[PDB]
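Residues per chain, in single letters:
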Amino acid sequence: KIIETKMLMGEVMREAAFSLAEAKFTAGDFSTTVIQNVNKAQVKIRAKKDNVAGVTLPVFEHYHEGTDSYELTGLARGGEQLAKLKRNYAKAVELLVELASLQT
Amino acid sequence: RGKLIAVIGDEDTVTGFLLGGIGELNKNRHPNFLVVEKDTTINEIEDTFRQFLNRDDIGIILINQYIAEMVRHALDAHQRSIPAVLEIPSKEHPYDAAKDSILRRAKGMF
Amino acid sequence: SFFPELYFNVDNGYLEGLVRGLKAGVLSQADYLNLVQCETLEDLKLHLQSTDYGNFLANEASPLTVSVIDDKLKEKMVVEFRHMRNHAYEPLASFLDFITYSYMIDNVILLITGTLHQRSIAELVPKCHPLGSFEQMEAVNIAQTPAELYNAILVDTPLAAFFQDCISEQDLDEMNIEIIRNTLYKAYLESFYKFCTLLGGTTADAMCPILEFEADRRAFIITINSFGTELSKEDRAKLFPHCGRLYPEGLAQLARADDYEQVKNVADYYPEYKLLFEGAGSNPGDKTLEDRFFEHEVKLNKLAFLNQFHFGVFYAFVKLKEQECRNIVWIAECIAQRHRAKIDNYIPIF
């Protein structure tokens, strides 16, 4: 199952990368603000137990903790593209979490 | 609560995830991420890699493949499961496939 | 009136000829087509070298990347701007300073935040947009003290007048950083507009229409994007510039609006905008509102060059090339990411 997920990861990350370019096209240089303006995480990961057999395997589980992310309309006010961009990466993260669990 | 995801990658990779809502400062004002620029050296990447591996609040680390090669010795040196390290394609670097840590752990995989 | 068309070329005659001569070199639709018909970054360079653009990737890394094309294009227009800005006299230079102010505003937002989260100025300056520059000290070596940066700004930085809305430092710590930057931008736009109206000749008539559009553009886009966030309707209204067509009546409806349809219903009262919301089909595979705004803004910036005796040609000049830079990078990105079906998302600049 690990390889099938890896293949999907490729397709998903490609779409997110393009979407970022789209946000950049409108916004210009928002990356500096996002990188400097960091304080709390909205996404966190909890450990869970998977009883695969007599052996128990550690798995990651996505936890949507909920603390609000930074809302930025400062660059060209390109909120629609940045909002789609957040969603594209948010989806990527969930797949990656699943992916890490598969590595174990 | 439990674990954070650390990111070591280029400008667009880190920016994207940060918007994804992942990444934050600890009480020591440290960031669970590094932006790797053309002027970033090996010691800086390796030191950051090690600190995440020795940091008990991280766990999954997301890195670019081209970085995975730059400090590749550190990726095989650590064999555990908390520190699951996932290798991703950068905006321009091409799709990864070879030199996957897992494909190496198991030599029976496509 | 008889105010323009007389003394204008006495000092500004050279710059008017130069800037229009520079505009003459902007990529045409025929040139964009040649850039699209590449599918390779190296071929993109070779085709671009057919115009006034080119020879700026020489002596750079053998691999061609988007980050290089982006930075180099910005640098080209900054140098040309600085040249014209340096060869200029107060009557015109003050106008140009406003243009630079828009970038300084973003840069000082960067200087704060980083100062508030212990970052040194030397670390922040490399990421500041050109033309901000900040050759003045005291803003430099602030010792990561917000008070020292605040005082240096009040004193040495020309933007001090704009910060009168955001003062006492308390505002810097308690206000959301984006509210501070939107507030400062409002102050800038309001002052710049008034400046253009003080120059009550051709410049006022040629320039204000563009500024008035931007003001109304901010009201529309801010209202829509603000729907999904946490912001008081009154505080949102506080950010709406008063130099536009929505100010007499219209902003009151956007301030109360909680939906896209209500915002469009406001546009329905302004045919110049109604058409934009109708064009912004917003389909899963169509253009959106921001795209139509860019198309309209460029049309205005092109029409700006129908007046030969004003300062608005320089404002449009910078903004027009900025979009051209966006267009060129877009093509490079489409090549780099191999999405040829998305290539026709550039804004033609005529």
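Residues numbered from 1 in each chain as written, not as in the entry; some residues may be left out. Chains lettered and ligands numbered in written order. Part of a larger assembly, values for the part shown. Heavy atoms only, no water.

This entry, as listed in the PDB, derives from cryo-EM and reports a resolution of 4.4 Å.

On to the overall build of chain C, then. Of the regular secondary structure elements, chain C holds 16 helices and 0 strands. What you see for chain C is a C-alpha radius of gyration of 21 Å, in line with the 20 Å of a compact globule of 350 residues. Seen through its C-alpha atoms, chain C measures out along the principal axes to roughly 55 × 50 × 50 Å. Contacts spanning at least 24 positions in sequence make up 63% of the contacts within chain C whose residues lie at least 6 apart. For chain C, the exposed surface amounts to about 16,900 Å²; the carbon and sulfur share of it is 51%. Looking at chain C, you have 32 positive and 51 negative side-chain charges, and the mean spots of the two groups are 5 Å apart. (Helix = DSSP H or I, 4+ residues; strand = E, 2+ residues; numbered from the N terminus. Rg over C-alpha atoms; globule rule 2.2 N^0.38 Å. Contact = heavy atoms within 4.5 Å. Areas by Shrake-Rupley, 256 points an atom, 1.4 Å probe, with all protein chains shown as cover. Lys, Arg positive; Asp, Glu negative; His and termini not counted. Charge placed at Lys NZ, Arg CZ, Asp CG, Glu CD.)

Time to look at the nonpolar core. One finds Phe30(A), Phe17(B), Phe95(C) and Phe220(C) to be the most contacted residues of the largest nonpolar core, which totals 162 residues. Counting 17 residues, the second largest nonpolar core, distinct from the first, contains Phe52(B), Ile58(B), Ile63(B) and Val71(B). (Core = buried A, V, L, I, M, F, W, Y, C linked by side-chain atoms within 4.5 Å. Buried < 20%, exposed > 50% of the residue type's maximum accessible area, 1.4 Å probe, protein only.)

Here we come to the pattern of salt bridges. Counting across every chain of the model gives 31 salt bridges over all chains. Close ionic contact of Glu60(C) with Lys72(C) constitutes a salt bridge, the shortest N to O distance being 2.8 Å. Here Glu60(C), found in the loop between helix 3 (41-48) and helix 4 (66-86), pairs with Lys72(C), found in helix 4; they are 12 residues apart in sequence, far enough to count as distant. Exposure remark for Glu60(C): the relative accessible area of 35% places this residue in the partly exposed category. Salt-bridge contacts for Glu295(C) lead to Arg292(C); the nearest nitrogen and oxygen are separated by 3.1 Å. With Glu295(C) and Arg292(C) both in helix 15 (residues 289-303) and 3 residues apart, this pair spans about one turn of that helix. Here the salt bridges do not stand alone but share partners, grouping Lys24(A), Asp29(A), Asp70(C) and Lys74(C) into one network. (Salt bridge = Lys/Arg side-chain N within 4 Å of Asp/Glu carboxyl O.)

Where helix 3 (residues 79-103) of chain A contacts helix 1 (residues 11-19) of chain B, the two axes come as close as 7 Å, and the packing angle between them is 95°. Here helix 3 of chain A is positioned roughly perpendicular relative to helix 1 of chain B, judged by the angle of their axes. Residues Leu82(A), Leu85(A), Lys86(A), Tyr89(A), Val93(A) and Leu96(A) of helix 3 of chain A touch helix 1 of chain B, and the partners they reach there are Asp12(B), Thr13(B), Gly16(B), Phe17(B) and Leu19(B). Each residue belonging to the contact of helix 3 of chain A with helix 1 of chain B can be placed in one class, and the counts come to 7 nonpolar, 2 polar and 2 charged. (Axes fitted to C-alpha atoms, helices over the stretch in contact; angles between N-to-C directions. Parallel < 35°, antiparallel > 145°, perpendicular 65-115°, else oblique. Nonpolar A, V, L, I, M, F, W, Y, C, P; charged D, E, K, R; others polar.)

The next subject is the pairing of strand 1 (residues 44-50) of chain A. Residue and element names in this part refer to chain A. Two elements, strand 1 and strand 2 (residues 57-63), share 7 bridges in a ladder whose sense is antiparallel. Residue pairing in the sheet places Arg 46 in a bridge with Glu 61 of strand 2. Once strand 1 ends, the chain turns through 6 residues before running back antiparallel as strand 2. (Pairing = 2+ DSSP bridges.)

Below, the discussion takes up the interface of chain A and chain B. With 35 residues of chain A at the interface, the matching set in chain B holds 40 residues. For the pair chain A and chain B, the summed buried surface comes to about 3,500 Å²; carbon and sulfur atoms form 71% of the total. Across the contact surface, chain A and chain B share 2 salt bridges. Counting residues per element, the side of chain A that touches chain B draws most heavily on helix 3 of chain A, which supplies 11 residues. Of the residues that constitute the side of chain A that touches chain B, the class distribution is 25 nonpolar, 6 polar and 4 charged. (Buried area = accessible area lost by both parts, 1.4 Å probe.)

To continue, consider the interface of chain C and chain A. On the chain A side, the residues contacting the 31 residues of chain C number 23 residues. Across the interface of chain C and chain A, roughly 2,500 Å² is buried in total on both sides, 54% from carbon and sulfur atoms. The salt bridge partner of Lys74(C) is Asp29(A), with a shortest N-O separation of 2.8 Å. Elements with a minimum of two residues in the side of chain C that touches chain A: helix 4, helix 9 (177-198), helix 10 (202-225), helix 15 and helix 16 (312-336) of chain C. When the residues that make up the side of chain C that touches chain A are grouped by side-chain class, the tally is 9 nonpolar, 10 polar and 12 charged.

This part covers the environment of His47(C). Residues and elements named next belong to chain C. Position of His 47 among the secondary structure elements: in helix 3. Residue class for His 47 comes out partly exposed when judged on its relative accessible area of 31%. Sequence spacing of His 47 and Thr 115 is 68 residues, and the spatial spacing of their C-alpha atoms is 44 Å. Sequence-distant contacts of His 47, that is, excluding residues within four places in its chain, are made with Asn 34, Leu 35, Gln 37 and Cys 38.

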